[PDB]
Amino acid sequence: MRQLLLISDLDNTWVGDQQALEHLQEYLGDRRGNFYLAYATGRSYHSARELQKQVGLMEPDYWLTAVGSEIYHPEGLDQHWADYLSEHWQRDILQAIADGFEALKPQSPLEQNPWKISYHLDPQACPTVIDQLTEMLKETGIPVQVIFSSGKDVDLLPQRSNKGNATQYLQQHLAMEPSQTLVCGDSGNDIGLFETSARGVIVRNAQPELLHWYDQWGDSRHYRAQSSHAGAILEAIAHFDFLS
């Protein structure tokens, strides 16, 4: 029903360069009816909302928050997505395992939710510890996923979650094709978006994990932008000739 499904992360992607953000929102504001907009952020809904007030984020159609662990529709939280993410999820067990790693420190309570267990990796600790955590957690047989971004943030989510799986769920809900979709990201918590078959753009200021990911899995649907922050989205839109 629209020609584009724009999905983007906020911090360091849409947000970061105020001028680029404003001229991106200026362009989009002249063709608002031609696209669905969804923010796929690692922030909680309340936190994303607070960011909107600070930088003046244009009202999106959907909010895919906490790395896609929660989906907000114009009319409210998606309870189907929640129940779907709840099947076979054993938060307490996974948390007990992760809490036992000396190199991991729990992130603040407000960063946690029923489908998201987050920690910070010690800056002095060896990153291979994430690999050990991942192997240990998966051997529990509990459908879990490990997200590592900015060499510091660790997120434990159900396998069914991901900014990418939430995206595919949204595409199906909106009857939008991958070819009509554009995902934008900067870090390891956006890899799930690029695993999707949608067109994607990696901001110039992308984190090391994402750049390394691109080097190995990058395909022709993946565009590595020269512009950083919001500028990369305008650039990608021109590249894939979207909003023709």
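Superpose the two forms; the largest set of C-alphas matching within 1.5 Å is the rigid core. Counting begins at 1, following the sequence as shown.
Chemist: Out of 69-77 and 149-157, which shows the greater rigid core-aligned C-alpha deviation in 8 other deposited structures of this protein?
Modeler: It is 149-157 that deviates more in 8 other deposited structures of this protein.
Chemist: With the rigid core as the fit anchor, does 110-118 or 129-137 show bigger C-alpha shifts in 8 other deposited structures of this protein?
Modeler: After superposing on the rigid core, the more displaced stretch in 8 other deposited structures of this protein is 129-137.
Chemist: So 154-162 or 125-133, which one's hotter by mean CA B-factor in the entry?
Modeler: Looking at the recorded C-alpha B-factors, 125-133 comes out higher on average.
Chemist: Going by the average Cα B-factor in the PDB entry, point out whether 209-217 or 41-49 comes out higher.
Modeler: Result of the comparison: 209-217.
Chemist: Whose C-alpha has the highest temperature factor in the PDB entry: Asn113, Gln145, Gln79, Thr140?
Modeler: Comparing C-alpha B-factors across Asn113, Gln145, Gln79, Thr140, the top value belongs to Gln79.
Chemist: Quiz for you: based on the deposited Cα B-factor, which of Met176, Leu28, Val67, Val183 is highest?
Modeler: By C-alpha B-factor in the record, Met176 ranks first.
Chemist: Sorting the chain's CA B-factors, does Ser197 end up in the lowest, middle or highest third?
Modeler: As the PDB entry reports it, the C-alpha B-factor of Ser197 lands in the middle third of its chain.
Chemist: In terms of the CA temperature factor given in the entry, to which third of its chain does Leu4 belong: lowest, middle or highest?
Modeler: CA B-factor rank for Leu4: middle third.
Chemist: Sorting the chain's CA B-factors, does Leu170 end up in the lowest, middle or highest third?
Modeler: Middle third.
Chemist: Mind checking which third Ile97 falls in for C-alpha B-factor across the chain?
Modeler: Its C-alpha B-factor belongs to the lowest third of this chain's values.
Chemist: Give the position of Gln90 by CA B-factor within its chain, expressed as the lowest, middle or highest third.
Modeler: It falls in the top third of the chain.
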